[PDB]
């Protein structure tokens, strides 16, 4: 395979490594490295801990971006400091269980997989060792996404280019943290030690936490997402195990690929869209008003009570034509 090679420096979510939308480049071999890290993390503002397993140290794993017809060459590394075997499966790839059947590595090993990016869209990647370990590694955090762009960039299905000013990757994670008799969340010394209680809970299908970027409140405060009035923002949303229903509170999905695949035209003007468990989708919005927005799953219990809220802070001029407070709160006459 005699094509040019290009290295990518991955960046942690919700940011996305620099890339072209439309490109004059032809196919390349695009090189990525992912290093697995098992670690105990804090997932809420109460201090609840969680035995996480991650690609590159983050939940979600970083977004990889390539173009149709590129070859994606990933070096997957499982350092000896980890305890379990791992692998990687790309929903964008064809054959061998998405790559999982060619990438099983013990602690202390690495492997190099290449796949051709023949399908456009956003796609999940995740670990999938085998059997009951599959769901457990996924819901422990071992999932991310890849975006395969058309070489002409995105379009609206009517001949017009859609160009985003910025892209964010929101990875949503369903987490299953057991409770003790008195009702407090349990802590564990290792992923192995967490397994029996965690599996019992998993099979009841109700998460204790549903978070963006790994933690309640991760995408708030200093880490709110940002935009300006006038900017077109692409929001890639993934969920490797469980459905979600994204919604931008105060905005819309101007152009939405809820099934996430760019061979299909986007839908327009949505209020709420739907990410099937095991998939990524994408929505574009051009901001029209300044201020705070919340980006949620619109099961509001999950959003407000289980963790699944991000914020945007948007700068610019208020548009009184679009919305105005005609009369401020006052006593009823």
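Numbering follows the first chain given and starts at 1.
Visitor: Give the stretch, out of 10 to 18 and 317 to 325, with the larger mean C-alpha temperature factor in the deposited entry.
Guide: Averaged over C-alpha atoms, the B-factors run higher in 317 to 325.
Visitor: Test of understanding: from the entry's C-alpha B-factors, which stretch has the higher mean, 22 to 30 or 288 to 296?
Guide: Here the higher of the two C-alpha B-factor means belongs to 22 to 30.
Visitor: Specify which of 87, 120, 196, 94 carries the largest Cα B factor in the deposited PDB entry.
Guide: Across 87, 120, 196, 94, the entry lists the biggest C-alpha B-factor for 196.
Visitor: Which listed residue, 141, 253, 131, 246, has the largest C-alpha temperature factor in the record?
Guide: The record points to 131.
Visitor: Sorting by Cα B-factor within the chain, modelled residues only, which third would residue 149 end up in: lowest, middle or highest?
Guide: For residue 149, the deposited C-alpha B-factor lands in the middle third.
Visitor: Determine, from the deposited record, the chain-internal third of the Cα B-factor for residue 164: lowest, middle or highest.
Guide: Its C-alpha B-factor belongs to the middle third of this chain's values.
Visitor: Going by the recorded CA B-factors, say which third of the chain residue 190 sits in, lowest, middle or highest.
Guide: Highest third of the chain for residue 190's C-alpha B-factor.
Visitor: Of the three thirds of its chain by CA temperature factor, lowest, middle or highest, which one includes residue 218?
Guide: Ranked within chain, residue 218 CA B lands in the middle tercile.
Visitor: Which third, lowest, middle or highest, does the CA B-factor of residue 238 fall in along this chain?
Guide: Residue 238: CA B-factor falls in the lowest third of its chain.
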